[PDB]
Amino acid sequence: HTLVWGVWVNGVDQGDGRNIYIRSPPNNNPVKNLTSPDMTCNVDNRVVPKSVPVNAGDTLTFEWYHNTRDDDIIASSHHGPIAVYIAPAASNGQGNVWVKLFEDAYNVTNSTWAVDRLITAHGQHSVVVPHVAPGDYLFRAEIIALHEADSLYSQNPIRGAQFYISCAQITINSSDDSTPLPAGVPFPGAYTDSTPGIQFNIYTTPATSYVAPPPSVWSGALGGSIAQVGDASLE
Ligand SMILES: OC[C@H]1O[C@@H](O[C@H]2[C@H](O)[C@@H](O)[C@H](O[C@H]3[C@H](O)[C@@H](O)[C@H](O)O[C@@H]3CO)O[C@@H]2CO)[C@H](O)[C@@H](O)[C@@H]1O
Ligand SMILES: *[C@@H]1O[C@H](CO)[C@@H](O)[C@H](O)[C@H]1NC(C)=O
Ligand SMILES: [Cl-]
Ligand SMILES: [Cl-]
Ligand SMILES: [Cl-]
Ligand SMILES: [Cl-]
Ligand SMILES: [Cl-]
Ligand SMILES: [Cl-]
Ligand SMILES: [Cl-]
Ligand SMILES: [Cl-]
Ligand SMILES: [Cl-]
Ligand SMILES: [Cl-]
Ligand SMILES: [Cu+2]
């Protein structure tokens with residue numbers, strides 16, 4: 001159970017974005033139904049009044065939290081990967097529009113899942129804004145908690161992989177459009193019951209065998225990291 005509080009741009013806090021520039025759901029409950037429209041931008045997908053201005057090459061940092069800002073972030077039970085996707089805002093996340101900018105599953109040298117590292121990073125993870133067409137975009141941050149993912153939701157609706165999905169409204173202002181945005185995948189639709197990474201047993205299968213759900217990260221993506229960039233406590 002986790003939610004996005006807001007974002008930072010180039011290490012600068014853009015302020016509380018809940019229902020402002022984040023299409024926030026009413027609570028931190030997971031989405032589990034892979035076929036539901038809730039997969040796109042969670043359960044209250046609507047236009048919110050603000051969209052955060054950034055330029056290509058900026059660092060955009062999502063900040064997550066559990067109950068209050070900079071708290072335990074997400075229960076440490078919730079081991080799993082983290083991905084960020086982008087689509088143009090005009091799609092409203094419909095269609096084959098979602099392009100992967102970032103993927104982190106398990107780090108063998110540190111022996112930590114992306115979620116493990118997100119807690120250490122005080123809820124913060126980032127992507128570098130790509131050289132896509134200027135315009136309005138949705139950035140869809142997705143955490144998959146795998147602690148009940150030995151079952152499939154479709155088969156047993158009290159279990160299954162859990163998706164903590166948050167869509168940020170982001171306006172790319174300065175960009176040369178030198179890496180125009182390629183074809184995307186649909187959410188819902190990209191993840192199905194046979195998709196690698198959706199059904200997995202973290203308690204018996206080595207984490208080093210884990211493979212995250214495709215698609216693979218776009219070659220045009222400029223980078224990203226799970227790491228604290230700013231200190232909320234001074235805010
Ligand atoms: O059910 C067994 C699993 O529980 C996991 O904990 C979650 C609880 O199941 C869930 O009810 C609780 O939801 C809270 C939420 O955390 C809180 O922020 C919100 O205000 O109220 C919700 C309840 O209405 O979330 C916790 C996770 O934080 C365990 O992590 C898991 O190991 C366990 O097997
Ligand atoms: C999953 O979502 C689909 C599409 O909205 C819906 O028909 C189905 O009823 C959902 N499953 C459950 C258990 O709610
Ligand atoms: Cl949970
Ligand atoms: Cl609810
Ligand atoms: Cl659901
Ligand atoms: Cl709906
Ligand atoms: Cl605005
Ligand atoms: Cl808060
Ligand atoms: Cl960190
Ligand atoms: Cl540029
Ligand atoms: Cl697909
Ligand atoms: Cl980064
Ligand atoms: Cu939870």
Side-chain angles (χ1 to χ4, degrees), residues 1-33 36-55 58-75 78 82-95 97-99 101-102 115 118-119 121-127 129 134-145 162-173 184 186-188 224 226 228-235:
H1 288 51
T2 190
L3 283 158
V4 171
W5 197 82
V7 305
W8 306 59
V9 180
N10 296 349
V12 182
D13 186 1
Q14 306 293 297
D16 188 349
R18 298 172 297 174
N19 302 299
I20 298 179
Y21 60 77
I22 304 295
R23 299 189 174 185
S24 300
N27 56 231
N28 56 19
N29 288 351
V31 173
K32 308 199 288 181
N33 186 350
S36 172
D38 301 334
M39 290 290 289
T40 313
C41 288
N42 216 138
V43 293
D44 194 13
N45 180 27
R46 80 296 184 188
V47 184
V48 294
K50 297 297 287 303
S51 183
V52 179
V54 304
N55 302 311
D58 280 353
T59 297
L60 179 64
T61 307
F62 295 88
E63 186 185 342
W64 296 83
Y65 74 101
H66 175 197
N67 290 297
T68 54
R69 182 188 199 182
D70 199 14
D71 66 348
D72 56 353
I73 308 310
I74 189 179
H78 281 37
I82 296 168
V84 182
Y85 303 82
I86 183 176
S91 77
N92 197 36
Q94 313 302 120
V97 293
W98 296 101
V99 181
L101 294 190
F102 176 84
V115 166
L118 186 74
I119 290 152
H122 295 248
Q124 293 173 38
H125 69 95
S126 305
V127 300
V129 176
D136 293 344
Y137 288 88
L138 303 171
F139 282 61
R140 177 192 180 275
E142 191 190 74
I143 295 165
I144 310 171
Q162 296 182 353
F163 304 83
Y164 299 91
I165 300 155
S166 184
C167 282
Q169 300 182 174
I170 304 304
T171 296
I172 297 175
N173 279 310
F187 292 105
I226 293 167
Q228 187 178 24
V229 316
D231 178 354
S233 69
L234 304 172
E235 206 92 45

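Side chains included, hydrogens not; waters and symmetry mates left out as well; all remaining heavy atoms used. The chain is numbered in sequence order, starting from 1.
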With heavy-atom distances below 4.5 Å as the criterion, would you say the side chains of [X] and [Y] are in contact?
X	Y	answer
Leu60	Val9	yes
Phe187	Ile165	no
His125	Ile82	yes
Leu3	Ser166	no
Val127	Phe139	yes
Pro26	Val43	yes
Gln94	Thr40	yes
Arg23	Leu138	yes

Decide whether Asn19 and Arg46 meet the rule of one side-chain donor and one side-chain acceptor closer than 3.5 Å.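 Yes - a donor-acceptor pair under 3.5 Å links their side chains.
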Working to the nearest 0.5 angstrom, can you tell me the gap between [X] [atom1] and [Y] [atom2]?
X	Y	atom1	atom2	answer
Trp98	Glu142	CH2	CD	10.0 Å
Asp70	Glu63	CG	CD	6.5 Å
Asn92	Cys167	CG	SG	9.0 Å
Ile86	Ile170	CD1	CD1	9.0 Å
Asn42	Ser36	CG	OG	9.5 Å
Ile73	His122	CD1	NE2	7.5 Å

side-chain contact (heavy atoms from CB on, under 4.5 Å) for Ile74 and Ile119? Distances and angles first, verdict last. CA-CA 7 Å; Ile74 189 179; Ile119 290 152; 3.7 Å; yes
Inter- and intrachain pairs under salt bridge (charged side-chain N to carboxylate O under 4.0 Å, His left out), touching residues 6-16, at least two apart: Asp13-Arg69, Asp16-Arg18
Give a yes or no answer on whether the side chain of [X] reaches the backbone of [Y] with a donor-acceptor pair at less than 3.5 Å.
X	Y	answer
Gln124	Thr61	no
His78	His1	yes
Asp71	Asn67	yes
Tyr21	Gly15	yes
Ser51	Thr171	yes
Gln169	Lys50	yes

Taking all heavy atoms of [X] and all of [Y], pick out the closest pair and write down the distance.
X	Y	answer
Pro37	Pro188	CA-CD, 3.9 Å
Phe62	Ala168	CE2-CB, 4.0 Å
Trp8	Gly11	CE3-O, 3.4 Å
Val54	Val129	CG2-CG2, 3.7 Å
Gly224	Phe102	C-CE1, 3.6 Å
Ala87	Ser91	CB-OG, 4.0 Å

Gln162: side-chain hydrogen bond (donor to acceptor under 3.5 Å, both in side chains) partners, not counting sequence neighbours: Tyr164
